[PDB]
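Structure file protein.cif with mmCIF, C-alpha atoms and all ligand atoms:
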```cif
data_data
#
loop_
_atom_site.label_atom_id
_atom_site.label_comp_id
_atom_site.auth_asym_id
_atom_site.auth_seq_id
_atom_site.Cartn_x
_atom_site.Cartn_y
_atom_site.Cartn_z
CA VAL A 536 -0.37 14.74 -15.61
CA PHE A 537 0.90 11.24 -16.36
CA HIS A 538 2.85 10.47 -19.51
CA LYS A 539 0.53 8.89 -22.08
CA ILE A 540 1.68 5.46 -23.31
CA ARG A 541 0.35 4.05 -26.58
CA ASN A 542 -1.67 0.83 -26.53
CA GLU A 543 0.52 -0.20 -29.47
CA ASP A 544 3.59 -0.13 -27.20
CA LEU A 545 2.07 -2.38 -24.51
CA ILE A 546 1.79 -6.18 -24.54
CA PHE A 547 -0.54 -7.73 -21.98
CA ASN A 548 0.56 -11.06 -20.52
CA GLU A 549 -0.68 -13.04 -17.54
CA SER A 550 -3.30 -11.95 -15.04
CA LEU A 551 -1.80 -11.54 -11.59
CA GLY A 552 -4.99 -10.88 -9.69
CA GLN A 553 -7.45 -8.18 -8.81
CA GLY A 554 -7.78 -5.15 -6.63
CA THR A 555 -10.75 -2.94 -5.82
CA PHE A 556 -12.52 -2.55 -9.17
CA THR A 557 -9.24 -3.38 -10.94
CA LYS A 558 -7.67 -6.26 -12.84
CA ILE A 559 -3.90 -6.64 -12.69
CA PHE A 560 -1.64 -8.00 -15.43
CA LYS A 561 2.04 -8.45 -16.14
CA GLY A 562 3.09 -6.89 -19.41
CA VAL A 563 5.88 -5.48 -21.53
CA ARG A 564 6.39 -1.88 -22.66
CA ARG A 565 8.49 -1.08 -25.70
CA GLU A 566 10.19 2.25 -25.12
CA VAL A 567 13.11 4.45 -26.07
CA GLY A 568 15.31 4.95 -23.01
CA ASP A 569 18.38 6.99 -22.23
CA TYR A 570 20.81 7.55 -25.08
CA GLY A 571 18.15 6.43 -27.59
CA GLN A 572 18.46 2.76 -26.56
CA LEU A 573 15.43 0.58 -27.22
CA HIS A 574 14.10 -1.41 -24.27
CA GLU A 575 11.38 -3.98 -23.71
CA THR A 576 10.57 -3.25 -20.07
CA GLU A 577 8.57 -5.53 -17.78
CA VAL A 578 5.60 -3.60 -16.39
CA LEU A 579 2.71 -4.07 -13.98
CA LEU A 580 -0.60 -3.07 -15.58
CA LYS A 581 -3.62 -2.04 -13.48
CA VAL A 582 -6.85 -1.98 -15.49
CA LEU A 583 -9.90 -0.19 -14.13
CA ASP A 584 -12.99 -2.37 -14.58
CA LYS A 585 -14.93 -1.05 -17.57
CA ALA A 586 -18.16 -1.52 -15.61
CA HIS A 587 -16.75 0.81 -12.94
CA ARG A 588 -15.34 3.38 -15.39
CA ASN A 589 -17.03 6.00 -13.19
CA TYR A 590 -14.21 5.58 -10.62
CA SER A 591 -11.49 6.37 -13.17
CA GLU A 592 -10.90 9.95 -12.00
CA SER A 593 -10.27 8.87 -8.42
CA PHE A 594 -8.24 5.85 -9.57
CA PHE A 595 -5.73 8.04 -11.44
CA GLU A 596 -5.85 11.28 -9.42
CA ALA A 597 -4.28 9.76 -6.32
CA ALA A 598 -1.60 7.88 -8.24
CA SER A 599 -0.84 11.11 -10.13
CA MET A 600 -0.43 13.32 -7.06
CA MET A 601 1.88 10.81 -5.41
CA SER A 602 3.92 10.36 -8.61
CA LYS A 603 4.61 14.11 -8.60
CA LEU A 604 6.67 13.37 -5.44
CA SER A 605 9.66 11.25 -6.40
CA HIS A 606 11.08 9.26 -3.51
CA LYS A 607 13.15 6.10 -3.12
CA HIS A 608 10.39 4.35 -1.12
CA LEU A 609 7.46 5.33 -3.40
CA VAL A 610 6.57 3.15 -6.39
CA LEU A 611 7.48 4.34 -9.88
CA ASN A 612 4.54 4.80 -12.24
CA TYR A 613 5.60 5.13 -15.85
CA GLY A 614 2.33 6.60 -17.09
CA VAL A 615 -1.16 5.75 -18.25
CA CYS A 616 -2.71 4.15 -21.30
CA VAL A 617 -6.01 5.50 -22.51
CA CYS A 618 -6.15 2.17 -24.32
CA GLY A 619 -9.45 2.99 -26.06
CA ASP A 620 -12.17 1.84 -23.65
CA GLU A 621 -9.61 0.91 -20.95
CA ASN A 622 -8.08 3.08 -18.22
CA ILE A 623 -4.66 1.56 -17.43
CA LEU A 624 -1.91 2.52 -14.99
CA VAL A 625 1.53 1.40 -16.17
CA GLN A 626 3.74 0.72 -13.15
CA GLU A 627 7.21 -0.64 -12.51
CA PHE A 628 7.20 -4.42 -12.08
CA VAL A 629 8.62 -5.17 -8.63
CA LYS A 630 10.50 -8.44 -8.58
CA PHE A 631 9.30 -9.90 -5.27
CA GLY A 632 5.80 -8.45 -5.22
CA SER A 633 3.45 -7.66 -2.35
CA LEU A 634 4.77 -8.03 1.18
CA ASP A 635 1.76 -9.86 2.61
CA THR A 636 2.24 -12.72 0.16
CA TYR A 637 5.97 -12.63 0.81
CA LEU A 638 5.43 -12.71 4.59
CA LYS A 639 3.23 -15.80 4.34
CA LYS A 640 5.66 -17.65 2.07
CA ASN A 641 8.79 -16.79 4.09
CA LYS A 642 7.36 -16.46 7.61
CA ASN A 643 9.77 -19.06 8.98
CA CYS A 644 12.79 -17.00 7.83
CA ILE A 645 11.76 -13.42 8.73
CA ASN A 646 13.06 -12.21 12.11
CA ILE A 647 12.56 -9.08 14.18
CA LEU A 648 15.44 -7.20 12.54
CA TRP A 649 13.95 -7.71 9.08
CA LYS A 650 10.55 -6.56 10.35
CA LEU A 651 12.12 -3.53 12.04
CA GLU A 652 13.96 -2.49 8.86
CA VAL A 653 10.81 -2.73 6.77
CA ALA A 654 8.80 -0.79 9.36
CA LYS A 655 11.44 1.97 9.38
CA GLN A 656 11.40 2.20 5.56
CA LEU A 657 7.61 2.38 5.50
CA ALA A 658 7.68 5.04 8.22
CA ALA A 659 10.26 6.96 6.18
CA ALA A 660 7.94 6.99 3.18
CA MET A 661 5.02 8.05 5.35
CA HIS A 662 7.02 10.84 6.98
CA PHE A 663 7.83 12.13 3.51
CA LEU A 664 4.14 12.02 2.61
CA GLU A 665 3.23 13.72 5.90
CA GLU A 666 5.72 16.54 5.26
CA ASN A 667 4.08 16.99 1.84
CA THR A 668 0.58 16.84 3.41
CA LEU A 669 -0.36 14.06 0.98
CA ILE A 670 -2.83 11.48 2.26
CA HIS A 671 -2.28 7.97 0.91
CA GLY A 672 -5.44 6.42 2.30
CA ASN A 673 -4.71 2.73 1.61
CA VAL A 674 -1.60 1.73 3.59
CA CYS A 675 -1.54 -2.07 3.94
CA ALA A 676 0.91 -4.93 3.51
CA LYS A 677 -0.48 -5.80 0.06
CA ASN A 678 0.59 -2.28 -0.96
CA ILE A 679 4.17 -2.72 0.27
CA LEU A 680 6.37 -3.95 -2.57
CA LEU A 681 9.62 -5.85 -1.97
CA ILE A 682 12.24 -4.49 -4.36
CA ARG A 683 15.03 -6.71 -3.07
CA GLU A 684 15.38 -9.38 -0.43
CA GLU A 685 17.60 -9.27 2.60
CA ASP A 686 21.04 -10.73 1.90
CA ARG A 687 22.84 -11.40 5.19
CA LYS A 688 25.69 -12.72 3.02
CA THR A 689 26.39 -9.14 1.88
CA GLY A 690 24.68 -7.44 4.85
CA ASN A 691 22.11 -5.86 2.51
CA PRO A 692 18.74 -5.30 4.25
CA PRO A 693 15.45 -5.76 2.39
CA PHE A 694 14.23 -2.74 0.43
CA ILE A 695 10.55 -1.81 0.00
CA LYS A 696 8.35 0.71 -1.77
CA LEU A 697 4.82 1.89 -1.03
CA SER A 698 2.42 1.37 -3.92
CA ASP A 699 -0.22 3.68 -5.33
CA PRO A 700 -3.28 4.73 -3.32
CA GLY A 701 -6.00 3.26 -5.53
CA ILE A 702 -9.58 4.51 -5.59
CA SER A 703 -10.18 6.88 -2.69
CA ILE A 704 -12.21 5.70 0.28
CA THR A 705 -14.00 9.05 -0.07
CA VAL A 706 -15.78 7.59 -3.13
CA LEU A 707 -15.82 3.85 -2.48
CA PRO A 708 -19.06 2.04 -1.58
CA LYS A 709 -19.77 1.72 2.14
CA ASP A 710 -19.63 -2.09 1.96
CA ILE A 711 -16.07 -1.98 0.60
CA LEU A 712 -15.03 0.39 3.40
CA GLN A 713 -16.47 -2.02 5.95
CA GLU A 714 -14.60 -4.96 4.43
CA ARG A 715 -11.41 -2.88 4.79
CA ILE A 716 -11.78 -2.65 8.56
CA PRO A 717 -9.34 -2.52 10.42
CA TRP A 718 -7.21 -0.67 7.83
CA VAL A 719 -9.87 2.01 7.32
CA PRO A 720 -9.96 3.97 10.61
CA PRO A 721 -13.10 4.33 12.75
CA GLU A 722 -13.61 7.98 11.86
CA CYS A 723 -13.79 7.11 8.15
CA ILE A 724 -16.36 4.39 8.78
CA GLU A 725 -18.31 7.05 10.66
CA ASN A 726 -17.87 9.42 7.70
CA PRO A 727 -15.55 8.80 4.72
CA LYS A 728 -15.06 12.56 4.34
CA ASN A 729 -13.10 12.41 7.63
CA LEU A 730 -10.14 11.21 5.52
CA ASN A 731 -7.13 13.00 6.96
CA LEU A 732 -3.41 12.57 7.49
CA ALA A 733 -4.36 10.90 10.79
CA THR A 734 -5.96 8.16 8.64
CA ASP A 735 -2.56 6.90 7.51
CA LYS A 736 -1.21 6.65 11.06
CA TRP A 737 -4.02 4.25 11.94
CA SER A 738 -3.52 2.16 8.77
CA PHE A 739 0.23 2.15 9.39
CA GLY A 740 -0.50 0.49 12.73
CA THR A 741 -2.63 -2.17 11.04
CA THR A 742 0.14 -2.70 8.49
CA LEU A 743 2.70 -3.17 11.27
CA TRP A 744 0.37 -5.80 12.72
CA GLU A 745 0.39 -7.57 9.35
CA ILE A 746 4.18 -7.36 9.14
CA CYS A 747 4.42 -9.00 12.55
CA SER A 748 1.74 -11.65 11.88
CA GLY A 749 3.22 -13.65 9.01
CA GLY A 750 0.83 -12.09 6.53
CA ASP A 751 -2.33 -12.96 8.45
CA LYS A 752 -5.15 -10.50 7.93
CA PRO A 753 -6.42 -8.93 11.15
CA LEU A 754 -10.07 -9.65 11.95
CA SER A 755 -10.48 -11.78 8.81
CA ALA A 756 -12.73 -14.12 10.82
CA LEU A 757 -15.20 -11.27 11.41
CA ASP A 758 -17.89 -10.50 8.87
CA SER A 759 -18.60 -6.86 8.03
CA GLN A 760 -21.31 -6.44 10.68
CA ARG A 761 -18.94 -7.80 13.33
CA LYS A 762 -16.15 -5.57 12.03
CA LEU A 763 -18.44 -2.55 12.46
CA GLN A 764 -19.26 -3.65 16.01
CA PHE A 765 -15.56 -4.14 16.77
CA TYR A 766 -15.14 -0.39 16.23
CA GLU A 767 -18.38 0.41 18.07
CA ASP A 768 -17.05 -1.44 21.13
CA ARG A 769 -13.66 0.30 20.71
CA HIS A 770 -11.66 -2.92 20.59
CA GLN A 771 -7.97 -3.07 19.69
CA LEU A 772 -6.17 -5.75 17.71
CA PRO A 773 -4.59 -8.62 19.65
CA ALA A 774 -0.87 -8.39 20.14
CA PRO A 775 1.05 -10.46 17.57
CA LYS A 776 2.79 -13.51 19.03
CA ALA A 777 5.99 -11.65 18.08
CA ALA A 778 4.88 -8.69 20.17
CA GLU A 779 7.93 -6.43 19.84
CA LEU A 780 5.88 -3.79 17.97
CA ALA A 781 2.58 -4.31 19.83
CA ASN A 782 2.90 -1.06 21.79
CA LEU A 783 3.63 0.93 18.64
CA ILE A 784 0.70 -0.76 16.86
CA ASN A 785 -1.72 0.23 19.60
CA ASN A 786 -0.31 3.76 19.90
CA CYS A 787 -0.89 4.26 16.16
CA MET A 788 -4.36 2.64 16.23
CA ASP A 789 -5.68 5.32 18.55
CA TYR A 790 -9.43 5.88 18.37
CA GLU A 791 -8.75 9.63 18.86
CA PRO A 792 -7.24 10.71 15.51
CA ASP A 793 -5.57 13.83 16.98
CA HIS A 794 -3.64 11.66 19.44
CA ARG A 795 -1.97 9.45 16.86
CA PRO A 796 1.79 10.15 16.86
CA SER A 797 3.59 11.96 14.08
CA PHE A 798 5.70 9.85 11.75
CA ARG A 799 8.80 11.53 13.15
CA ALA A 800 7.83 10.29 16.61
CA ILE A 801 7.05 6.86 15.15
CA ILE A 802 10.52 6.73 13.60
CA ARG A 803 12.13 7.71 16.91
CA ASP A 804 10.18 4.92 18.61
CA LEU A 805 11.30 2.39 16.00
CA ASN A 806 14.95 3.40 16.33
CA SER A 807 14.74 2.90 20.12
CA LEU A 808 14.19 -0.87 19.79
CA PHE A 809 16.90 -3.54 19.87
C1 LIG B 901 0.16 -8.20 -8.38
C2 LIG B 901 -1.08 -7.68 -7.82
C3 LIG B 901 -2.23 -8.61 -7.49
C4 LIG B 901 -3.29 -7.90 -6.87
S1 LIG B 901 -2.87 -6.34 -6.65
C5 LIG B 901 -1.37 -6.35 -7.33
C6 LIG B 901 -0.42 -5.16 -7.51
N1 LIG B 901 0.48 -4.89 -6.40
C7 LIG B 901 -0.28 -4.70 -5.18
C8 LIG B 901 1.50 -5.91 -6.25
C9 LIG B 901 2.66 -5.77 -7.23
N2 LIG B 901 2.97 -4.57 -7.71
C10 LIG B 901 4.00 -4.42 -8.52
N3 LIG B 901 4.28 -3.11 -9.03
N4 LIG B 901 4.74 -5.44 -8.89
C11 LIG B 901 4.39 -6.65 -8.44
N5 LIG B 901 5.21 -7.76 -8.84
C12 LIG B 901 4.82 -9.13 -8.71
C13 LIG B 901 3.51 -9.52 -8.93
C14 LIG B 901 3.19 -10.86 -8.82
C15 LIG B 901 4.17 -11.78 -8.51
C16 LIG B 901 5.48 -11.39 -8.31
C17 LIG B 901 5.80 -10.05 -8.41
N6 LIG B 901 3.37 -6.82 -7.60
#
```

Entire entry expressed as structure tokens:
Amino acid sequence: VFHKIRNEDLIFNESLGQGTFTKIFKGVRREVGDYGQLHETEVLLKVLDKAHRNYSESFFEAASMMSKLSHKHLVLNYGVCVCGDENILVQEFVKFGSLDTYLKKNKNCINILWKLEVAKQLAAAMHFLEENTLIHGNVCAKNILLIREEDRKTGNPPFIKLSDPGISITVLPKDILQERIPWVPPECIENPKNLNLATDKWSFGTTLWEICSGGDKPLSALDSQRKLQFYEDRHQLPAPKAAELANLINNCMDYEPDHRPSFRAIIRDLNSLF
């Protein structure tokens, strides 16, 4: 179970946006750290919409299972606030935020080597999840967090973490699942209970497409009916202009879930480039 954090020890500051049935805020947590030192720690606060309080179990169950698996590429969740009528996840505040926003802002300065490093780190996280037979279920660029930027001055590569799963697509409304095409795989549109480890290989492909596309969203021009038909006609995403990962993207976005490659094989493929 998550550590319970008192409402009295949390300060809510600015809204940073929204997710699926969630509102996101920056805040501060007062805590006692190592050696009894008092800290005021910047935190990211995810608030489940009170109207959708029925999704709270799913909201926190996935985050909890993943937080039981500590890993350098998985986000740190400090705990939860049962802040009265609010269900709140208290998460580390990552300095540079979501990768899709970062990709759009810095597209002119991100090259293939940067993209390759990030892809390898994401694949490393996903391999760890695969070995632990833990399904994430919402891999996407918005859920990749940039801990530190590349610094060619000191040779340091960028460093990323994968964020929490969110509400499970096994419980989300059908219309939300359709809007999440092409991250949600065809078999889960067919039946959300088909959620499987193979799901994350497909979404990883879509995320690689995002990483290579300057933060564009694939198929954003298609409404939900046209996204459904895209899967019905078994289309694949267009190659990114920077097409170095196009083959890997299409190999991961395989309409046959059993044919999607293991993350170990994906990592071997990534290492074989450049
Ligand atoms: C912020 C947000 C908006 C919709 S969803 C979501 C949460 N998450 C996907 C992104 C994130 N997570 C964490 N842990 N930290 C940050 N930092 C940050 C935020 C904003 C600006 C600069 C840096 N951003």

Q: Give me, please, the distance in Å between atom CA of residue 540 of chain A and atom CA of residue 670 of chain A, quoted to one decimal.
A: 26.7 Å

Q. Quick one: of A:735, A:685, A:768, A:751, who's nearest to residue 796 of chain A, counting all atoms listed in the file?
A.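 The closest residue to residue 796 of chain A is A:735.
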
Q | Counting only C-alpha atoms, the residue of A:627, A:620, A:722, A:710 that sits nearest residue 588 of chain A | A | A:620

So that all listed atoms of segment 667-671 of chain A fit with 6 Å spare on each side, what axis-aligned box centre and edge lengths in Å, to one decimal, would you give as AutoDock Vina command-line options?
```
--center_x 0.6 --center_y 12.5 --center_z 2.2 --size_x 18.9 --size_y 21.0 --size_z 14.5
```

Q) Can you list, as a count of residues only, every protein, DNA or RNA residue that comes within 8 Å of residue 673 of chain A when you count all atoms listed in the file, leaving out same-chain residues fewer than 3 positions away? A) 7

Q: Name the residues, by chain letter and number, that sit within 10 Å of ligand LIG 901 (chain B) using all atoms listed in the file, and give them as a ChimeraX atom specification.
A: /A:549-555,557-561,577-581,610-612,625-637,675-682,696-699,701

Q. Which one is closest to residue 770 of chain A: A:754, A:616, A:645, A:801? Count all atoms listed in the file.
A.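 Of A:754, A:616, A:645, A:801, the one nearest residue 770 of chain A, counting all atoms listed in the file, is A:754.
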
Q: Pick out the residues sitting within 12 Å of residue 669 of chain A, and hand them over as a count of residues only; count all atoms listed in the file, and ignore anything fewer than 2 positions along from it in its own chain.
A: 25

Q. In terms of the shortest atom-to-atom distance over only C-alpha atoms, which of A:781, A:711, A:747, A:702 is closest to residue 649 of chain A?
A.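 Going through A:781, A:711, A:747, A:702 one by one, the smallest distance to residue 649 of chain A is for A:747.
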